[PDB]
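Asks: Sending over a structure as structure tokens; questions will come in a sec.
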Amino acid sequence: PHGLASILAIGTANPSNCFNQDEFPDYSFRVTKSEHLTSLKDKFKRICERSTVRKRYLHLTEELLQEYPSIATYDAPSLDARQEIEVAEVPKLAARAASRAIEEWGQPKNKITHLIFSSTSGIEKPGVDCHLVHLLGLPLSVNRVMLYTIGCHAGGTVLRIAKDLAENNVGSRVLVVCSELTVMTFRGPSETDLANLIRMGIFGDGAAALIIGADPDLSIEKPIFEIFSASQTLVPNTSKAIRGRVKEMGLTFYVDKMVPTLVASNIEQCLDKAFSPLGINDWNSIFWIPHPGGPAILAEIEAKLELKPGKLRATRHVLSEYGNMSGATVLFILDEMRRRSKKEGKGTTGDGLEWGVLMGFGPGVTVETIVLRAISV
């Protein structure tokens, strides 16, 4: 097909339980049996206050922890329980989000040709991609790409793959789903893992689905963004800075305190590589979808790139209303951009600007850099 891979619809969905951050220190420390650890609870209240996360949607309730209390421990054998939960619930959320995106797109499911589905959780054979196929009533001929445990930069990875799948198959339509649940990473507090104090402060659950096609039939399909280009890179000698392993106790989690400066330190190179071909120099001339790994990552990006006060508005708002949902996060922000752009009557779906950048930062440390082009409203 002639033209670029285009985002035609976006749907999101979250677990039905909402957790106010003001009240989370009390909750989390109550269900894990850690409320006598007042030193560490205070430390966590500080982390939550400066998190800038106001709500998160979490599938782990107190109910599940009473049924699976191994999960409410730190260290105990718990994978089997987490697995029972996630191989079930990771696809259900995905179906909710995919449903809403397919309804927005508006065409019959007949026409979806490929499914790319990224998840940290529920590693099983057949994969959760298969479960989704059955739950939605997708064509059995759907070409699947199952990406387990990517994870926090996965939002970029899926668009990068979707570009080539949609653009090398005329008439193909790719269903993309990032479905992230924190069931696999949750564990009790300890002064022996501050990275999980951070984690259980910032990370929330959520699923985002989107339909990509090239050469959209403008009779019936409304492109939202075009995927101009997609690059990935490894930040040299930064393995072990963002870490996690599937173990008996669940998914372990480590983030170095240097990750914010690492990303800020390395971002200009990626952004230069991606944008010299367009002869674009001024980083305030493009709209922004940076992964909000936390408020410090965004602070350092602003500082380094000399960004105006408005740039990260959409990203920030998603972080506060939802938290950090790993791969899905940047996709949520896409939705926040196109909607905010419309509710504020901008010239384009990308905050009135023509070009945008979307970045995922994750293990590697990896930077996924994708150039988007906004569509005229």
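Lettering and numbering for the structure tokens are positional, with chains as A, B, ... in the shown order, residues counted from 1 in each chain, and ligands counted from 1 in the shown order.
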Need the shell around residue 280 in chain A: protein/DNA/RNA residues with any atom at most 12 Å away, counting only C-alpha atoms. Skip same-chain ones fewer than 5 positions apart. Format as a list in words?
Replies: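 Counting only C-alpha atoms, the residues come to residues 271, 272, 273, 274, 275, 285, 286, 354, 355, 356, 357 and 371 of chain A.
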Asks: Write out the residues from the selection above, keeping N, CA, C and O atoms, as a compact mmCIF listing (two decimals), in the first residue's frame.
Replies:
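Writing the result to part-v6.txt gives the following:
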```
# COMPACT_ATOMS: atom_id res chain seq x y z
N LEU A 271 16.72 11.63 19.35
CA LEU A 271 15.80 12.59 18.81
C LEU A 271 16.41 13.25 17.58
O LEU A 271 15.72 13.51 16.59
N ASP A 272 17.73 13.45 17.60
CA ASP A 272 18.46 13.97 16.45
C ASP A 272 18.43 12.98 15.30
O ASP A 272 18.09 13.34 14.17
N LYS A 273 18.75 11.71 15.56
CA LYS A 273 18.69 10.70 14.52
C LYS A 273 17.32 10.68 13.87
O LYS A 273 17.20 10.63 12.64
N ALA A 274 16.27 10.72 14.70
CA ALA A 274 14.90 10.61 14.21
C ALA A 274 14.44 11.85 13.45
O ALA A 274 13.51 11.75 12.64
N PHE A 275 15.00 13.03 13.77
CA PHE A 275 14.45 14.27 13.22
C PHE A 275 15.35 15.09 12.28
O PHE A 275 14.83 15.98 11.61
N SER A 285 8.71 22.45 18.68
CA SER A 285 7.90 22.45 17.47
C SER A 285 7.18 21.13 17.21
O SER A 285 6.41 21.05 16.25
N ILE A 286 7.45 20.10 18.01
CA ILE A 286 6.85 18.78 17.88
C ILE A 286 6.08 18.48 19.15
O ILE A 286 6.46 18.93 20.24
N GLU A 354 2.40 19.64 13.55
CA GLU A 354 2.40 18.65 12.49
C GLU A 354 3.06 17.36 12.93
O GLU A 354 2.52 16.27 12.72
N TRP A 355 4.21 17.46 13.59
CA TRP A 355 5.03 16.30 13.90
C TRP A 355 5.08 16.09 15.40
O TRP A 355 5.01 17.05 16.19
N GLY A 356 5.20 14.82 15.80
CA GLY A 356 5.32 14.48 17.20
C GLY A 356 6.33 13.37 17.37
O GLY A 356 6.71 12.68 16.42
N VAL A 357 6.78 13.22 18.61
CA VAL A 357 7.69 12.15 18.99
C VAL A 357 7.03 11.32 20.08
O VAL A 357 6.35 11.87 20.96
N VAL A 371 8.50 8.59 15.31
CA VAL A 371 8.01 9.86 14.77
C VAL A 371 6.58 9.69 14.29
O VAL A 371 6.29 8.84 13.44
```
Asks: Leaving out residue 23 in chain A and any residue of its chain fewer than 3 positions from it, which residues lie within 12 Å of it when counting only C-alpha atoms, given as a short mmCIF file (atom, residue, chain, number, x, y, z; two decimals) with N, CA, C and O atoms, in the first residue's frame?
Replies:
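Final output, saved to selection.cif:
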```
data_model
loop_
_atom_site.label_atom_id
_atom_site.label_comp_id
_atom_site.auth_asym_id
_atom_site.auth_seq_id
_atom_site.Cartn_x
_atom_site.Cartn_y
_atom_site.Cartn_z
N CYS A 18 -10.49 1.35 41.70
CA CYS A 18 -9.72 2.58 41.70
C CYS A 18 -9.13 2.81 43.08
O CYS A 18 -9.80 2.60 44.10
N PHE A 19 -7.88 3.25 43.13
CA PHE A 19 -7.16 3.45 44.37
C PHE A 19 -6.63 4.88 44.41
O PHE A 19 -5.74 5.23 43.62
N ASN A 20 -7.26 5.69 45.27
CA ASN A 20 -6.81 7.05 45.57
C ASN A 20 -5.44 7.03 46.23
O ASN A 20 -5.21 6.29 47.19
N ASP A 26 -1.82 3.65 53.71
CA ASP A 26 -2.61 2.89 54.67
C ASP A 26 -2.98 1.53 54.11
O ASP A 26 -2.78 0.50 54.77
N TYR A 27 -3.56 1.51 52.90
CA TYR A 27 -4.08 0.28 52.31
C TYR A 27 -2.99 -0.75 52.07
O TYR A 27 -3.05 -1.88 52.57
N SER A 28 -2.02 -0.38 51.23
CA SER A 28 -0.96 -1.29 50.84
C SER A 28 -0.26 -1.88 52.05
O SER A 28 -0.03 -3.09 52.13
N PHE A 29 0.04 -1.04 53.03
CA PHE A 29 0.73 -1.55 54.19
C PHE A 29 -0.17 -2.37 55.10
O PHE A 29 0.33 -3.22 55.85
N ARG A 30 -1.49 -2.21 54.99
CA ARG A 30 -2.42 -3.01 55.78
C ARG A 30 -2.55 -4.42 55.22
O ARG A 30 -2.47 -5.40 55.98
N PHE A 44 7.39 5.56 52.36
CA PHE A 44 6.51 5.31 51.22
C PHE A 44 5.49 6.43 51.05
O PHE A 44 5.08 6.74 49.93
N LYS A 45 5.01 6.99 52.16
CA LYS A 45 4.09 8.12 52.04
C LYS A 45 4.77 9.28 51.35
O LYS A 45 4.17 9.97 50.52
N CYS A 48 4.87 8.46 47.63
CA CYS A 48 3.56 8.62 47.02
C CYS A 48 3.18 10.08 46.88
O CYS A 48 2.64 10.49 45.85
N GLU A 49 3.49 10.89 47.89
CA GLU A 49 3.15 12.30 47.79
C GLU A 49 3.85 12.92 46.60
O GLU A 49 3.20 13.54 45.75
N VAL A 53 0.99 10.89 41.22
CA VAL A 53 -0.04 9.92 40.85
C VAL A 53 -1.20 10.11 41.81
O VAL A 53 -1.05 9.89 43.02
N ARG A 54 -2.37 10.48 41.30
CA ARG A 54 -3.53 10.70 42.16
C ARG A 54 -4.42 9.47 42.23
O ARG A 54 -4.92 9.13 43.30
N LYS A 55 -4.63 8.78 41.11
CA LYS A 55 -5.37 7.53 41.10
C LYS A 55 -4.62 6.45 40.33
O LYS A 55 -3.88 6.73 39.39
N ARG A 56 -4.89 5.20 40.68
CA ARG A 56 -4.51 4.09 39.82
C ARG A 56 -5.63 3.05 39.79
O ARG A 56 -6.45 2.95 40.70
N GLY A 201 4.43 2.47 44.33
CA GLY A 201 3.90 3.81 44.35
C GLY A 201 3.43 4.36 43.00
O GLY A 201 2.39 5.02 42.97
#
```
Asks: With DSSP run on the backbone, what are the strand (DSSP E or B) residues within range 72-288 of chain A? I'd like them as an NGL selection string.
Replies: :A and (114-119 or 143-148 or 173-180 or 203 or 206-214 or 225-234 or 242-243 or 246-247 or 250-251 or 254-255 or 287-288)
Asks: For range 137-145 of chain A, find every residue with an atom within 8 Å (counting only C-alpha atoms), except residues of its own chain fewer than 5 positions away, and show them as a ChimeraX atom specification.
Replies: /A:109-110,112-117,129,132
Asks: If I take CA of residue 125 in chain A and CA of residue 87 in chain A, how far is one from the other in Å, to one decimal?
Replies: 9.8 Å
